[PDB]
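The figures here come from the full heavy-atom set of this structure, side chains too, leaving out hydrogens, waters and symmetry mates. All chains are named by letter (A, B, ...) in the order of the sequence lines, taking the proteins before the strands, and each is independently numbered beginning at 1.
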2 protein chains.
Amino acid sequence: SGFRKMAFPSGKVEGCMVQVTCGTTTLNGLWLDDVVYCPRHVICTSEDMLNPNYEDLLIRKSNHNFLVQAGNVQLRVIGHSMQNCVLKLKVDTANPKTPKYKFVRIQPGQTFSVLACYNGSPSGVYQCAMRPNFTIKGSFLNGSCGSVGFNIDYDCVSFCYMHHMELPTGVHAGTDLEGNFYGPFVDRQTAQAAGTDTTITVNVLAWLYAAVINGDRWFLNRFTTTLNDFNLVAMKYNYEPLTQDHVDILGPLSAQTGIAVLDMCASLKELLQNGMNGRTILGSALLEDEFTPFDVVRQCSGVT
Amino acid sequence: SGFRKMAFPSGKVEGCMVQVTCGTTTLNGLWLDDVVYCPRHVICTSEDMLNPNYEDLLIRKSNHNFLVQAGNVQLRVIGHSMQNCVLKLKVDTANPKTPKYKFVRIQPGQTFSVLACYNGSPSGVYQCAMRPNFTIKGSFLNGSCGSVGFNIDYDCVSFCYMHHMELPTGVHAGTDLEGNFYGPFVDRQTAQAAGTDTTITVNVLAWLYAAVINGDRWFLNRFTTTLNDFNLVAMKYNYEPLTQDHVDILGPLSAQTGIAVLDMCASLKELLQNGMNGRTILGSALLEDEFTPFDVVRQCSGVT
Ligand SMILES: O=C1N[C@]2(C[C@@H](c3ccccc3)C2)C(=O)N1c1cncc2ccccc12
Ligand SMILES: O=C1N[C@]2(C[C@@H](c3ccccc3)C2)C(=O)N1c1cncc2ccccc12
């Protein structure tokens, strides 16, 4: 029993973290096979950050200007290209520690583990969610750039996120591993609107199921509701609208607890309208939306 | 910026996790050099759990009754002994992946990372605290037994915790790596009183410092207080008494924020007396006590 914000074990990703230096700028890179991936803003100086011309900046750079270090070992760079907002440095040596891996573009409301790194050395691991407005609420300092987000399915690592930017508002923006930003963000030091973040309704409901499984049941009420009636309340409280897809993926948790999805929706409605009244659910005084139904089932079934 | 419940990277510990089978019972073991450590209750059957005689049970066991598997590879057991509540199985092969490590008995209120394992394979990593009543509020299912807690200082792993028991109340009890229980617990399937848990006051104050550093300042008030006056309020609200040692270790955070410890104590007092009023601090509606002053400084300075 018990329920924790649990990260994937980070071993397979630690063996891929390197340091990339271009002039004075150092940040983290990801070494898979004979390619190192990193944020392209590694080629920027103090002078460039308001509006860098990345093509023009890259053109003044050669293979030997990119210093790639894995622990003590220096790597030899034999090719470089820019794909959207990432640099791909071809090195002469395949990473011996390369795990089975894919690159995935995740959807808003999905979760992943972040290995926070500095100078190509791992500092910490935590779990987080792509917010509906495509930001992440991470823990990143100067030099964390190029730190990666991932999921693990058995032996296969799915890299989904590369950290690029802290926004003036203190939240975090980055790319998939093909260098496309999540959300409207660009790699320029400007004020950029993230926009209105909503709560991930399907995730709150998954967490209510997690609570019931672990013995917190006080919020279960006598009521039910409809998908329409519920969504009218969701909208008022800046909750993502709930669809039949959401109801469908909550099926396993519905089956395990014997609580219909719409009965759980009716409990949520009363929590939104009446608050928690100073009570707690799974040691929290607010509604948690950073567990997917998958995460709850995994943690409640012990997938390894 | 941002502030997360961050775990240590788990790579160095993943390479040490093995499966130990004795008869029908399987749980996790820790393979360091040519010794495997695991909970001694691996030698118990359905018949034994109310009051096992571990000496008598062990005496009916030989080296070849202990099946130790690291992934596919079977290990050969060439010696066995019982040290308090752990079994030490000597195997013929030194773990090639053994990191630099120590065994440490941590103190209540200290934090560590848990690698939750099943059948000797790692499932997840999270951060948690030794509660003042020597329990931990983990996330453990059947077969998680022998999962370990640790800290990392540079390249050195300090193993502090081995998981043995879920208590009838849903909280978790285990040993140091010399097999001594934290708290009054025994490895018998009986109702065992954990007793009154308090809040770790020094940790709440560290987290208030973390909040101020990250821009949440609303709880800063015009007041100050005394260590005596504060402790009178602490006692009322089941908070650990604050000592000059606590005040001393908060010095670096005091220096970074320019807020005196006793001014922060006066803010805490008003939060305890008046509650949060529906407001939040670092995305939480309750006072968090699972960050040490060390953890806050580490996360706010980027130790790698
Ligand atoms: O270290 C940098 N540098 C940039 C500034 C930004 C940038 C954009 C265009 C051209 C050059 C640089 C990339 C940044 O946003 N961070 C941080 C990342 N995460 C967390 C941070 C926390 C504090 C300060 C900077 C951070
Ligand atoms: O799998 C076991 N087995 C014991 C029962 C307990 C025991 C004590 C004496 C002799 C034999 C066995 C050790 C346990 O407490 N757990 C669990 C651990 N963590 C989390 C658990 C969650 C659900 C069920 C059991 C759990």
Side-chain angles (χ1 to χ4, degrees), chain A residues 1-15 17 97 113-128 136-144 152 154 166-167 169-172 214-215 275-276 278 280 282-287 295 298-304, chain B residues 1-15 17 97 113-128 136-144 152 154 166-167 169-172 214-215 275-276 278 280 282-287 295 298-304:
Chain A
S1 170
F3 204 77
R4 281 283 186 172
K5 200 81 66 87
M6 189 163 293
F8 292 103
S10 54
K12 286 170 193 253
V13 180
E14 292 166 55
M17 293 317 294
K97 299 193 191 164
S113 287
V114 169
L115 184 69
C117 289
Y118 302 95
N119 303 120
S121 282
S123 161
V125 68
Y126 55 88
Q127 193 66 351
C128 72
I136 85 165
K137 301 189 166 203
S139 179
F140 293 116
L141 305 176
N142 160 251
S144 72
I152 310 195
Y154 177 30
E166 184 168 288
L167 294 167
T169 69
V171 307
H172 301 114
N214 283 279
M276 292 215 168
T280 62
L282 288 177
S284 163
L286 52 82
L287 301 164
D295 299 341
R298 260 215 314 286
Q299 186 166 163
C300 291
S301 104
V303 168
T304 274
Chain B
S1 170
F3 204 77
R4 281 283 186 172
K5 200 81 66 87
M6 189 163 293
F8 292 103
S10 54
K12 286 170 193 253
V13 180
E14 292 166 55
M17 293 317 294
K97 299 193 191 164
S113 287
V114 169
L115 184 69
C117 289
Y118 302 95
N119 303 120
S121 282
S123 161
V125 68
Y126 55 88
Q127 193 66 351
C128 72
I136 85 165
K137 301 189 166 203
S139 179
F140 293 116
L141 305 176
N142 160 251
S144 72
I152 310 195
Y154 177 30
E166 184 168 288
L167 294 167
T169 69
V171 307
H172 301 114
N214 283 279
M276 292 215 168
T280 62
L282 288 177
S284 163
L286 52 82
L287 301 164
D295 299 341
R298 260 215 314 286
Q299 186 166 163
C300 291
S301 104
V303 168
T304 274

Q.
Given heavy-atom pairs under 4.5 angstrom as the criterion, report whether the side chain, backbone, both or neither of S113(B) touches chain A.
A. neither
Q.
Rounded to the nearest 0.5 Å, what separates atom CG in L282(B) from atom OG in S139(A)?
A. 10.0 Å
**Q.** Segment of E166(B) engaging chain A (4.5 angstrom heavy-atom cut-off)
**A.** side chain
(Q) Counting only non-hydrogen atoms closer than 4.5 Å, does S301(A) touch chain B with its backbone (N, CA, C, O), its side chain (CB onward), both, or neither? (A) backbone
(Q) For the backbone of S123(A) and the side chain of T304(B), can you confirm whether one donor and one acceptor N or O come within less than 3.5 Å of each other? (A) no
Q. Quick one: what part of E14(A) sits under 4.5 Å from any heavy atom of chain B, side chain, backbone, both or neither?
A. side chain
Q) Out of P9(A), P122(A), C117(A), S121(A), which one pairs with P9(B) under the side-chain contact (heavy atoms from CB on, under 4.5 Å) rule? A) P122(A)
Q) Residues two or more places apart in sequence or in another chain: which of them pass ring-ring contact (aromatic ring centres under 6.0 Å, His included) with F3(A)? A) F291(A)
Q | With sequence neighbours excluded, residues passing salt bridge (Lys or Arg N to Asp or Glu O under 4.0 Å) with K5(A) | A | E290(A)
Q: Among the options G138(B), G278(B), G275(B), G170(B), pick out the one with the most heavy-atom pairs lying under 4.5 Å from chain A.
A: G138(B)
Q) Which one, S1(A), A285(A), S10(A), leads in non-hydrogen pairs under 4.5 Å with chain B? A) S1(A)
Q) Can you check whether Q127(A)'s main-chain N or O pairs, donor with acceptor, with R4(B)'s side chain at less than 3.5 Å? A) yes
(Q) Please classify the contact of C300(B) with chain A as side chain, backbone, both or neither, using a heavy-atom distance under 4.5 Å. (A) backbone
